[PDB]
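Peer 1: Below is a structure I'd like to ask you about.
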Amino acid sequence: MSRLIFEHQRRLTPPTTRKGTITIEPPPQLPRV
Amino acid sequence: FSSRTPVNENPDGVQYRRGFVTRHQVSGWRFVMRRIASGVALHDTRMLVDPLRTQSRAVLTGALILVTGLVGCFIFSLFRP
C-alpha cells in the first residue's frame, strides 16, 4: 500500500549490447586439380 | 571458366543419389581429419604448420627408403654374377 516513499532516480545502465551486424566473408570458390 | 551449379527448379527432373567420392571430397576429408588430429594432439587448429603430417611423412619416407634399397639390392643380385 503506502507507508513509505520511494524516490525515482536514474536507472543503472544494463550491460552494453550492440545491434551492429556481423558480416562474414564468402567461402572460397572451389579451385581445380 | 564455368564452375557453377544453379538450384534445380524442376520437381520432375533427375535427383542424383548414390554419389561417389570426388578427388576434391577426399582431399577435404583428409584435411579436416588432419585438423581434428592437430586440435586433439596439440591445441592448434590454425594449422600454420602440421608436425603430425611431417611425422607420418617421415615414417613413410623410411618405408620408401626400405623398399627402394630392397629392390635395388635385388636387381643388383640378379644382374651381377
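Peer 1: With a cap of 14 neighbouring Cβ atoms within 10 Å, and only residues DSSP puts in a loop, list the trypsin sites (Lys or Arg not before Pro) found in chain B.
Peer 2: Of the trypsin sites (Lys or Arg not before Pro), the ones in loops of chain B whose Cβ has at most 14 other Cβ atoms within 10 Å are B:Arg4, B:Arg17, B:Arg18, B:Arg46.
Peer 1: Which whole-Hz ³J(HN,Hα) couplings does the range B:11-22 yield from phi under the Karplus relation 6.51 cos²θ - 1.76 cosθ + 1.60, θ = phi - 60°, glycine and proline marked x?
Peer 2: Once rounded to whole Hz, the list reads x, 8, x, 9, 10, 8, 8, 6, x, 8, 10, 7.
Peer 1: Can you compute the modelled spin-label distance between B:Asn8 and A:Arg3, with each label point 7 Å from Cα toward Cβ, in nm?
Peer 2: Here the modelled spin labels are 7.7 nm apart.
Peer 1: Could you state the orientation-averaged shadow area of the convex hull built on the Cα atoms of the range B:1-53, in nm² to one decimal?
Peer 2: Averaging across all directions leaves 6.6 nm² for the Cα convex hull.
Peer 1: How about the range B:12-81: which chymotrypsin sites (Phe, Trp or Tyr not before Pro) there lie in a loop by DSSP and see at most 13 other Cβ atoms within 10 Å?
Peer 2: B:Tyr16, B:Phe20
Peer 1: Let me ask something additional. In the range B:1-41, if the dipole is taken from +1 on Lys/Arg beta carbons and -1 on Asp/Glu beta carbons about the Cα centre, which of B:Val40, B:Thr22, B:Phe1 is farthest to the positive end?
Peer 2: B:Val40
Peer 1: While we're on this one: Need one number for the protein assembly as shown: average projected area of the convex hull over its C-alpha atoms, nm².
Peer 2: Averaging across all directions leaves 22.4 nm² for the Cα convex hull.
Peer 1: What number comes out for the charge environment of B:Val49, summing +1 per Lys or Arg and -1 per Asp or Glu over other residues with Cβ under 15 Å away?
Peer 2: Result for the local shell: +3.
Every number in this text was worked out from the coordinates using simple rules, so none of it is lab data. Because the Cβ atoms are built from the backbone with ideal geometry, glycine has one as well, and the counts that use them run over all protein chains shown.
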